[PDB]
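Read through the structure below, which is laid out as structure tokens, and then see the notes.
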Amino acid sequence: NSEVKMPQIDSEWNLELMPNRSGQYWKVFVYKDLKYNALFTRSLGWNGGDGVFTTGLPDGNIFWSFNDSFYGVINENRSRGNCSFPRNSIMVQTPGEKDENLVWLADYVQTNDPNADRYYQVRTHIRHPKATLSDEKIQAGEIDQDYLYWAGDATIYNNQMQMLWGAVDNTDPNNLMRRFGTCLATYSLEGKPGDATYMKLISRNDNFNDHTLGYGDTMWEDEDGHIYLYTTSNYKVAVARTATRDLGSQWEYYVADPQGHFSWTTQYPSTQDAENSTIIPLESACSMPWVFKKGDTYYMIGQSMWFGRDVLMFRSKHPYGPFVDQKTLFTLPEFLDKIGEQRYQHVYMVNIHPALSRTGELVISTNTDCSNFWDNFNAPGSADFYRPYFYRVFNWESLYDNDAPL
């Protein structure tokens, strides 16, 4: 296919084209979204974080969930000051794309005295029942380090958002961040962001799963009435699905027999069996796989293994089917657009945001890390290691131009 679909970029979008790296195809146009990078360059309240998962709502707003995030003050030259580090938090983005539109639904400690301690510091949004810090220590702004919840994907069912929260055990210093269960949280969509009713946790089932595998960390609501729930174990992608569009429906797992024969079973598979049932090639590895459908093709986008900067893409004729023909969509930067040291430790949580897509382009966001935790404070630019950076990929579909069909 000789056609080169030139993308029409509005200057208002504040996109900056990235140079042909090596990893990306010449027909694929990759951009740095400077508008969104600016939206998440904040000084008061949320000013750095992890996770960063969107969910377009039926009222035109977008729901954002975060994992470990800094809530507090950023000083002169993006030098992070006094902050809280809640294990999770949420926000609602309303139409407008100005900071006023990021409605942080935060459990603030205090927002009255800028000269007093705990200014714009926040508490964990949803706490794990096994966490032992006392209600007094939680009121005093202490954050849980033993048992916690981190964001899973979420869907809309009966004008209510059903979300999965993954239970994480950090009591073993060798085996840290051990997934040990899931909680099904139901949120109301009654009112407007800031209301008492809007995005209030209506119900929680903290004993929903006790599963080791994180089925549902990413999701895909398909035309066939099932919500596909994905996970990885040692960079092997396994899939499960809900019986109906209710996230609380009976789950069935796509698991492979010893003869390589796949079939849907209601029994939760062993980790060993879930890894034998990989839905990507056996010669491929990826983490945080995001599946979506465009036309009559299912596309999967994931980060290459061991915190690789290469963003991978696979395709299939089904949301569970053999994901094949790996391609490198693009390579994430080696340096951050930051004050001070631009080099960083890890890039992870390469997430996909259909709700932010203006014309069908992929809207991707990363999470980054610095080796030493103290470097997230008190130095020029320290604020900008631990925050998402946004990208837009136009004409991503081109990757399979000169390949046969499935």
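The chains in the structure tokens are called A, B, ... from first to last as shown; in each chain the residues are counted from 1, and the ligands are counted from 1 in the order shown.
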
Exercise for the section: Determine, counting only C-alpha atoms, which protein, DNA and RNA residues have an atom within 7 Å of an atom of region 196-202 of chain A; residues of the same chain fewer than 3 positions away are not included. Present the result as an MDAnalysis selection string. Expected result: chainID A and resid 185:193

For C-alpha atoms, I'd like the residues from the last selection saved as an mmCIF file, in the first residue's frame.
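Result file selection.cif:
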```
data_model
loop_
_atom_site.group_PDB
_atom_site.id
_atom_site.type_symbol
_atom_site.label_atom_id
_atom_site.label_comp_id
_atom_site.auth_asym_id
_atom_site.auth_seq_id
_atom_site.Cartn_x
_atom_site.Cartn_y
_atom_site.Cartn_z
ATOM 1 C CA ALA A 185 -16.236 -1.502 43.710
ATOM 2 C CA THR A 186 -19.466 0.103 42.329
ATOM 3 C CA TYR A 187 -19.536 3.923 41.907
ATOM 4 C CA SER A 188 -22.577 6.233 41.409
ATOM 5 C CA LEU A 189 -22.830 8.570 38.377
ATOM 6 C CA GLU A 190 -25.668 10.648 39.939
ATOM 7 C CA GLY A 191 -24.965 14.413 40.104
ATOM 8 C CA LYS A 192 -21.930 16.415 38.914
ATOM 9 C CA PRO A 193 -18.216 16.016 40.017
#
```

Handout entry: For residue 119 (chain A): contacts at 7 Å, only C-alpha atoms, fewer than 3 positions along chain excluded, given as a list in words
Key = residues 72, 110, 111, 113, 114 and 116 of chain A

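Of the residues under consideration (A:34, A:399, A:406, A:349), A:399 shows the shortest atom-to-atom contact distance to residue 1 (chain A) when counting only C-alpha atoms.
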
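Separating CA of residue 151 (chain A) from CA of residue 171 (chain A) is a distance of 19.5 Å.
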
Exercise for the section: Output as a PyMOL selection string all residues of region 172-319 of chain A that backbone DSSP marks as strand (DSSP E or B). Expected result: chain A and resi 178-188+201-209+218-221+227-233+236-242+251-256+262-265+286-294+297-304+310-316

Handout entry: Contact residues around region 271-273 of chain A with only C-alpha atoms at 12 Å, ignoring same-chain residues under 5 positions, as a list in words
Key = residues 211, 212, 213, 214, 215, 231, 232, 233, 234, 236, 237, 238, 239, 253, 254, 255, 256, 257, 258, 260, 262 and 278 of chain A

Problem - Which of A:88, A:367, A:395, A:378 sits closest to residue 74 (chain A) [using only C-alpha atoms] - result: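 Once distances to residue 74 (chain A) are computed over only C-alpha atoms, the minimum belongs to A:378.
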
Practice task
From region 13-158 of chain A, collect each residue whose DSSP state is helix (DSSP H, G or I) and return the set as a VMD selection string.
Solution key: chain A and resid 13 34 to 39 99 to 101 135 to 139

Quick one: write out the picked residues with C-alpha atoms as a short mmCIF file (atom, residue, chain, number, x, y, z; two decimals), in the first residue's frame?
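As a result, out_19.cif now contains:
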```
data_model
loop_
_atom_site.label_atom_id
_atom_site.label_comp_id
_atom_site.auth_asym_id
_atom_site.auth_seq_id
_atom_site.Cartn_x
_atom_site.Cartn_y
_atom_site.Cartn_z
CA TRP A 13 -3.75 20.20 20.51
CA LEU A 34 2.47 18.71 25.47
CA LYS A 35 -1.12 19.81 26.40
CA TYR A 36 -1.60 16.69 28.58
CA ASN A 37 2.00 16.74 29.86
CA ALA A 38 1.15 20.34 31.05
CA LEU A 39 -2.18 19.26 32.59
CA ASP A 99 -6.69 22.48 35.13
CA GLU A 100 -10.08 23.64 36.47
CA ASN A 101 -11.53 20.56 34.65
CA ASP A 135 -8.48 4.83 62.08
CA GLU A 136 -6.68 7.49 64.25
CA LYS A 137 -3.34 7.03 62.34
CA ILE A 138 -5.34 7.12 59.03
CA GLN A 139 -7.04 10.35 60.22
#
```

Handout entry: Nearest candidate to residue 40 (chain A) (options A:157, A:290, A:373, A:104; using only C-alpha atoms)
Key =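 With only C-alpha atoms as the atom set, the closest residue is A:104.
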
Handout entry: Counting only C-alpha atoms, the option among A:270, A:303, A:209, A:382 closest to residue 339 (chain A)
Key =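 Looking at the shortest contact to residue 339 (chain A), the residue is A:382.
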
Long-range neighbours of residue 78 (chain A) as a PDB file with C-alpha atoms, in the first residue's frame, 12 Å cut-off, only C-alpha atoms, 3 positions minimum in chain:
```pdb
ATOM      1  CA  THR A  41       2.511  19.359  35.643  1.00  0.00           C
ATOM      2  CA  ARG A  42       0.752  20.589  38.809  1.00  0.00           C
ATOM      3  CA  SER A  43       1.902  22.498  41.932  1.00  0.00           C
ATOM      4  CA  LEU A  44      -0.897  22.008  44.540  1.00  0.00           C
ATOM      5  CA  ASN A  47       1.541  16.560  41.574  1.00  0.00           C
ATOM      6  CA  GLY A  48       2.941  13.083  40.621  1.00  0.00           C
ATOM      7  CA  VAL A  73       3.302  21.178  47.327  1.00  0.00           C
ATOM      8  CA  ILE A  74       5.798  21.741  44.419  1.00  0.00           C
ATOM      9  CA  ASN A  75       8.262  24.581  45.025  1.00  0.00           C
ATOM     10  CA  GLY A  81       8.191  19.716  48.746  1.00  0.00           C
ATOM     11  CA  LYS A 338      12.751  17.764  32.787  1.00  0.00           C
ATOM     12  CA  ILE A 339      14.776  20.250  34.832  1.00  0.00           C
ATOM     13  CA  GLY A 340      17.960  18.514  36.146  1.00  0.00           C
ATOM     14  CA  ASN A 376      11.457  12.649  43.937  1.00  0.00           C
ATOM     15  CA  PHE A 377      12.034  15.665  46.371  1.00  0.00           C
ATOM     16  CA  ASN A 378      13.962  18.874  47.179  1.00  0.00           C
ATOM     17  CA  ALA A 379      16.018  19.285  43.946  1.00  0.00           C
ATOM     18  CA  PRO A 380      15.194  21.267  40.812  1.00  0.00           C
ATOM     19  CA  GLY A 381      12.958  19.135  38.547  1.00  0.00           C
ATOM     20  CA  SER A 382      12.569  16.325  41.154  1.00  0.00           C
ATOM     21  CA  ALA A 383       8.799  16.652  40.725  1.00  0.00           C
ATOM     22  CA  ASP A 384       8.990  15.274  37.116  1.00  0.00           C
ATOM     23  CA  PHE A 385      10.404  11.718  37.493  1.00  0.00           C
ATOM     24  CA  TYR A 386       7.218  10.300  38.927  1.00  0.00           C
TER      25      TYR A 386
END
```

Practice task
Do a neighbour search on residue 235 (chain A) at 8 Å with only C-alpha atoms, toss out local chain neighbours closer than 4 positions, and write the hits as a PyMOL selection string.
Solution key: chain A and resi 285-287+305

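Coordinates place CA of residue 318 (chain A) at a distance of 22.1 Å from CA of residue 156 (chain A).
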